[PDB]
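Data first, discussion second: the structure below is written as structure tokens.
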Amino acid sequence: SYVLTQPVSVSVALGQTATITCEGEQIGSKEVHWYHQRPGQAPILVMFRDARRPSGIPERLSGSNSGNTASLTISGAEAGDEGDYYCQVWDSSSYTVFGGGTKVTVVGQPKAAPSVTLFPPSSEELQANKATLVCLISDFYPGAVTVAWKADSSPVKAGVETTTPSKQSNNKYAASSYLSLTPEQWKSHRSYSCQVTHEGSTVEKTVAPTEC
Amino acid sequence: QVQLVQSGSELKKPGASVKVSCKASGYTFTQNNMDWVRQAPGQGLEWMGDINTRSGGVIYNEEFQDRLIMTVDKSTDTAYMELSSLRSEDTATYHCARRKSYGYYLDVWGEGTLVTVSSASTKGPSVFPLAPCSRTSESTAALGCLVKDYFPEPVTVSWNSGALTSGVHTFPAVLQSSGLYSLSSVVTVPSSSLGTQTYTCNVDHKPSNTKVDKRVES
């Protein structure tokens, strides 16, 4: 049962260099291959036979293998390099073996303020005896975001479901927050607000049932 | 173009079986072996097996041999994975991946098929239009679709039958305490085109065979 061991995580800043290791007993006598899986995508081959790059992979990615440690080095780190990297070997008895993956996060990136949109419950939903307010938060960086809902300025501490921030193909984050109300609760207030705080800056959007 | 097109996502009960297909094109099917690799949510890659597309002989990951049948149809260049006696922990995305000819790495991967194994009911989403009631004169406008209360993942959203791609942002789903998911998709348009063209979101939920087209702006 041949085992490949990788670190759990590696951080690398923009323009910088970092190395991911893949340890195995006498792995230097095997050929090692590597895959990069971007968030929400399928894996892609990025290195094969220790050190050969397939089509489209830039020379700033390099591989090596000796002794009991193979490695993949990302230099000139770019935002698109983020994701999970897996090493792999073929063993004559264990067949295809994968390492457990290393999560690579690209840090030192610049701030992008979020775009926030707040939608009221639709007429179709109110007809179905439900009311969901939808707060969409996009194009932000870093990922840390706080969301607070208010009903006429008073904090709402019931019916809120917020998504953990996830990366967009833009390398910026997105998150959603949903507030569930009954149609009577929705029409009982003058206004509702979704307040989003990102890197010390707060932005707010409001909706009013009388405008609907 | 080398393509590996997989069948749709499904919900199966524990004890049942699933058969996933991988149609290959753009190369000579019998020149490469085909592998199957799965990934449970938030976890790593797990190799399941490899098939020789000429002989139909397979090499299995021993842990799956008793309940995995890998086959190919050489007349339709299609590879199949049939996993039986399904268990809760078989919930995963199953990928086919082409093995390098005369090599041992996987050079092309299919996009995957999510198979959820659960006794829970499938539920197709209810799609609601997202529009401002009366929002401040500006050339931007946000229109959307709230894809509510579905199970299991995944759902795909497109706008105007795929014609609309610019300014489209489909958000990852929230999982509610009720065990149901909801997601939203928004399009940021030019405010001038609001009255000229209709905007419709197209929602596909393969596990429930649900397809919904929802007019947001007329």
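Protein chains in written order, with the deposited numbering: chain B, 1 to 212; chain A, 1 to 135, 137 to 219. Ideal placement from N, C-alpha and C gives every residue a C-beta, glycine not left out.
| Item | Value |
| --- | --- |
| Residue ranges of each beta strand (DSSP E) within the stretch 14-64 of chain A, 3 or longer | 18-25, 34-39, 45-51, 58-60 |
| Beta carbon of residue 136 of chain A nearer than 7 angstroms to that of A:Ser-119 | Residue numbering in chain A breaks between 135 and 137, and residue 136 of chain A falls inside that break, so it has no position here. |
| Cβ-Cβ separation, A:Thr-78 to A:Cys-22 (assumed contact under 8 angstroms), whole Å | 7 angstroms |
| For A:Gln-6 and A:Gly-110, believed in contact at Cβ under 8 angstroms, the rounded distance | 5 angstroms |
| C-beta neighbour in chain A for B:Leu-136, strict 7 angstroms | yes |
| Bridge-paired residues (DSSP) for B:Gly-83 | B:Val-104 |
| Residue nearest to B:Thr-146 in terms of C-alpha spacing, selected from B:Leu-133, B:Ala-175, B:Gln-16 | B:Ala-175 |
| Inside the stretch 100-150 of chain B only - alpha helix (DSSP H) runs reaching at least 4 residues | 123-127 |
| Whole-angstrom distance between B:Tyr-141 and B:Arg-190, CA atom to CA atom | 33 angstroms |
| Beta carbon proximity, B:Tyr-85 to chain A, threshold 7 angstroms | no |
| Beta strand (DSSP E) segment containing A:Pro-191, residue limits | 182-191 |
| Beta-carbon proximity list for A:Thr-93, same chain, < 6 angstroms, skipping 5 on both sides | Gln-39, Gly-112, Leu-114 |
| Residues bridged to B:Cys-194 [DSSP beta-bridge criterion] | B:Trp-149, B:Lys-205 |
| Residue from B:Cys-194, B:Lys-30, B:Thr-197 with nearest C-alpha to A:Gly-103 | B:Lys-30 |
| CA-to-CA distance, B:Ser-75 to B:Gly-28, given in whole angstroms | 22 angstroms |
| Chain-ordered residues of the stretch 55-77 of chain A with a beta carbon less than 8 angstroms from chain B | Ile-59, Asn-61 |
| Beta-carbon gap between A:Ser-134 and B:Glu-124 smaller than 7 angstroms | no |
| Buried versus exposed, by CB contacts within 10 Å (16 or more), B:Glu-82 | buried |
| Residue-chain proximity (A:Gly-44, chain B), Cβ-Cβ < 7 angstroms | yes |
| Cβ shell of A:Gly-168 (< 8 angstroms), same chain only, five flanking positions each side left out | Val-188, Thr-189, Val-190 |
| A:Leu-147 versus A:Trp-36: straight-line alpha-carbon distance, rounded | 34 angstroms |
| Secondary structure of B:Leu-4, DSSP reduced to three states | coil |
| Rounded separation between B:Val-134 and B:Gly-200 - CA only | 23 angstroms |
| Endpoints, beta strand (DSSP E) assigned at A:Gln-6 | 3-6 |
| Any chain B beta carbon closer than 7 angstroms to A:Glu-139 | no |
| Same chain, Cβ closer than 7 angstroms to B:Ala-148, neighbours up to 5 away in sequence not counted | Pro-155, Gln-195 |
| Nonlocal neighbours in the same chain, by C-beta distance under 7 angstroms from B:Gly-159, ignoring five residues either side | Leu-179, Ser-180, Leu-181 |
| heavy atom of the ligand PLP below 6 angstroms from A:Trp-36 C-beta | The ligand PLP is not among the ligands present in this structure, which contains no ligands whatsoever. |
| Closer than 7 angstroms at the beta carbon, the chain A residues around B:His-33 | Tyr-105 |
| Element boundaries [beta strand (DSSP E), containing A:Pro-129] | 126-130 |
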